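Shown next as structure tokens: one chain only, the form deposited in one PDB entry.
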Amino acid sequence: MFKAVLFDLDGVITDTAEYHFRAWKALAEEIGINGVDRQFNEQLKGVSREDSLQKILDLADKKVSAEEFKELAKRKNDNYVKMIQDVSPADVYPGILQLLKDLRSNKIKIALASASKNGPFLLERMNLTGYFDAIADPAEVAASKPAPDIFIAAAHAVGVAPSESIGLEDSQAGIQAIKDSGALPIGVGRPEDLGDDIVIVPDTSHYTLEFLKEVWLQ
């Protein structure tokens, strides 16, 4: 049986992937880049704040000063932080709270593997911090998603091998990070976006301990 579950946050625990998208789009448009639509944004999910800005700039072949780059990333984060102030426990995605209770029941470790620096604030907003055995700090890993390091670190933090862990993720970058860590990915979203080669569910109600069950056993 698997011994840990490694959770992405944005788009898995709650609908904050939508907020990051709206904030990145607004920022891109402020600098004249209009190509951040939902399809492009699939490239930004699970990517770090600086990496995301760089992808947006690269899409446009745009160069900015180092001072401007720093201000832009800060500008987007300040906007996103305002956007998330009223997130509450009512915003937890369906299935998630029960999954956390069911896992703790069954002595299965729970770790956060979010690229977001705002993750601990969000778990507090949703009254979920007490479910987590560890939160992997994304500032502490040398490489961000799609590198596997955050997932490896999360598994480590709870004393469980990545090979004995399931990783939940809504993004292309994150699914790749889970594959490369040795953990078993179960994505949430559209196969059109996330692939036909792993188990993908349409929404988080599917993330039951029974199903993780089911998938692990094969």
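Shifts are known only where both forms have a C-alpha. Rigid core here is just the name for the largest C-alpha set that superposes within 1.5 Å across the two forms. Sequential numbering from 1, following the sequence displayed.
Colleague: Going by the mean C-alpha B-factor recorded in the entry, which is higher: 135 to 143 or 87 to 95?
Modeller: Higher mean C-alpha B-factor: 135 to 143.
Colleague: Quick check: 12 to 20 versus 197 to 205, which has the larger average CA B-factor in the record?
Modeller: Higher mean C-alpha B-factor: 197 to 205.
Colleague: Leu168's Cα B-factor: lowest, middle or highest third of the chain?
Modeller: Lowest third.
Colleague: Of the three thirds of its chain by CA temperature factor, lowest, middle or highest, which one includes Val5?
Modeller: Lowest third.
Colleague: Considering only modelled residues of the same chain, in which third does the CA B-factor of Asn41 rank: lowest, middle or highest?
Modeller: Lowest third of the chain for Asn41's C-alpha B-factor.
Colleague: Lowest, middle or highest third: where is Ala28 by Cα B-factor in its chain?
Modeller: Its C-alpha B-factor belongs to the lowest third of this chain's values.
Colleague: When the deposited Cα B-factors of this chain's modelled residues are ordered and cut into thirds, is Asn106 in the lowest, the middle or the highest one?
Modeller: Tercile = highest for this residue's CA B-factor.
Keep in mind the form deposited in another entry is missing from the figure; the text below concerns it.
Colleague: Following superposition of the rigid core, which of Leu123, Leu72, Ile96, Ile108 is the only residue with a C-alpha displacement of 2 Å or more between this form and the one not shown?
Modeller: So the residue whose C-alpha moves 2 Å or more is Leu72.
Colleague: When the two are fit on their core, where are the runs of 3+ residues whose C-alphas each shift at least 2 angstroms between this form and the one not shown?
Modeller: Shifted run of three or more residues, which all move 2 Å or more: only 15 to 85.
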